[PDB]
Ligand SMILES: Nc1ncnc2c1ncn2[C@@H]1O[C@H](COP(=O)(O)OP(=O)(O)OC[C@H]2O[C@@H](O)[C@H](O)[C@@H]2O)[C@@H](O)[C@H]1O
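In the block that follows, a single chain appears as structure tokens, in the form solved without the named molecule.
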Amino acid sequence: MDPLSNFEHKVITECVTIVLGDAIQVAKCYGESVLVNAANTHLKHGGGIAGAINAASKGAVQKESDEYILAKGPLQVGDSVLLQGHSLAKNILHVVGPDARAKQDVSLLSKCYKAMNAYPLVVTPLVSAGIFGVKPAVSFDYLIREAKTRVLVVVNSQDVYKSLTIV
């Protein structure tokens, strides 16, 4: 009854566990989980995990996001918005991390990860660690500092995973 028994993972803190692999697969194991999307300010889900999440939803996520943006406007960096889960999770929390390419303020990851503490179980990538160019270890440091809820942080790369788990 413990989905983690079928995943390569390491318990990091009493709140945080890091899991190797596919965040969408992990989230599907937990009906009550909130899945974080690593989003941009306009919720344009064109690549990375956002693209994977929209693909998994057969476009439903992008349709919802399009409506959201016209109704409420774009997000600011560091903001997040809770939207529908689309059968991937209970809800999807679209979180906008800082983009180091744009020289945005990396300490806005504190805001990002604090937003996840609203939910009792969160499945998340490391925010800002792909195309946004924040080193995985820095994003992980912020998560571990800020977490106050059950978080499964999921990393697709075995090499990132090893870098974070081997001490």
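Residue numbers here begin at 1 and follow the sequence given.
One more form of this protein should be noted, the form solved in complex with the named molecule, which is absent from this view; the next part is about it.
Residue contact with the named molecule in the entry with it bound: residue 152 places no heavy atom within 4.5 Å of it. In the entry with it bound, the named molecule lies farther than 4.5 Å from every heavy atom of residue 59. Residue contact check for residue 114: none of its heavy atoms lie within 4.5 Å of the named molecule in the entry with it bound.
Using a 4.5 angstroms limit between non-hydrogen atoms, residue 132 touches the named molecule in the entry with it bound. Taking a 4.5 Å heavy atom cutoff to the named molecule in the entry with it bound, the contact residue among 40, 65, 33, 54 is 40. Contacts of stretch 30-49 with the named molecule in the entry with it bound, defined by any heavy atom lying within 4.5 Å, are made by 38, 39, 40, 44, 45, 46, 47, 48, 49, listed in sequence order.
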